[PDB]
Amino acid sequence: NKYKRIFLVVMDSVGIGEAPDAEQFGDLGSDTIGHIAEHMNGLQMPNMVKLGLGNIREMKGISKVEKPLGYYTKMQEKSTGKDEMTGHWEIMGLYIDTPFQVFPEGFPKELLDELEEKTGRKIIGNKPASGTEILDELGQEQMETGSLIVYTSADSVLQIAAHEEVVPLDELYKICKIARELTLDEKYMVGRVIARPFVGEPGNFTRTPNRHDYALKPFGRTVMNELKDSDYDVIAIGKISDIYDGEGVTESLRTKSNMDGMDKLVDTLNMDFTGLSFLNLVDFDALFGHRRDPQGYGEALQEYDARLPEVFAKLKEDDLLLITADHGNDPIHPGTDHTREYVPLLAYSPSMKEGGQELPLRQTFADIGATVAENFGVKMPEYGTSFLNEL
């Protein structure tokens, strides 16, 4: 092995400017990091700058350095969609023709009609909403009628809420399984169906930890699958295990925040493993990008950057750190959807004594997957070109 451990960090939604095909998606002008930097009157990310973020692209407060710690370039998404699954699945060596859909105006009547026909239940709601908002509005009617509250987020999900005393958990799970079957259809391709049971009285409803998720497996065996099958460790941190529906995962560490994500990364640095530690920092996307909150997004990026020196200190000569993103989600852009953007790529090992250089632009996110596979001597993915030898 060239490297014994690879630490892969997806800064979720942290895009570095509109991709060549951004027009198709209505994403002309999109620039996640750049617009955040302008909002902040300069972003304070000195550690990402030291790695060479500014060498990829100069933005307000983010300048190039003469000697970046590691190698740098950006990646272009090759798959059709810009959704949560597509980006991650491509990173791990796939190509995804069929995008997952989002539903800013709610689900098509055809889909909801079939769900009603199959379940014998009425559906109410059918809108994007937080768990709290939707229960405040509809919790009581749901309790009184035995209907189903169906709602969505800004991502590709169909959520079904029902009071635990009115709809038994096992019946709610059965319904979600029906909904999962109906949404494997490119007319309304849903990434994840989520059971959202709740308890309480009107004006005091709370969602319970009896949530169950119904996700799709990646459309192909991934580099994670190949690592696991070759007896390597694959440690998933945050939503990673969920994103891949556990495929190729040997250990999964739940996280509650970006700072907690960095704590778990540090935990894995302290573990003797051989293979991949794979972190998703999701706050950027979930709390700030979708909510179009550039101030909060900027603060989160500064908080993340300040955690990096400890990571640098713990990396060994045979460790490789890869930092990237999965799509954009520009907090100063119309609507609530992701933006089609290039993503940054930083590749650092303390064994890089002369520092790094610019890499050729990665024509698919799958170049990460290919690099990981080549490093560990496992079957190469169908897509992606390794940059291992460039490091």
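Quick note: we count residues from 1 along the sequence shown, nothing fancier.
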Out of 232-240 and 187-195, which one has CA B-factors that are higher on average in the deposited record? 187-195
Residue stretch of maximal mean CA temperature factor, 59-67 vs 41-49: 59-67
Looking only at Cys176, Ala129, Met259, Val266, the Cα with the top B-factor belongs to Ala129
For the listed residues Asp330, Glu341, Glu358, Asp326, which one has the largest C-alpha B-factor as given in the deposited model? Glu358
What third of the chain does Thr73 rank in for C-alpha temperature factor, lowest, middle or highest? middle
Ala162 - Cα temperature factor, lowest/middle/highest third of chain: middle
Third of chain Cα B-factors occupied by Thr222: lowest
Hey, what third does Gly93 fall into on Cα B-factor, ranked over its chain? lowest
Pull the Cα B-factor of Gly17 out of the PDB entry and bin it into the chain's lowest, middle or highest third. middle
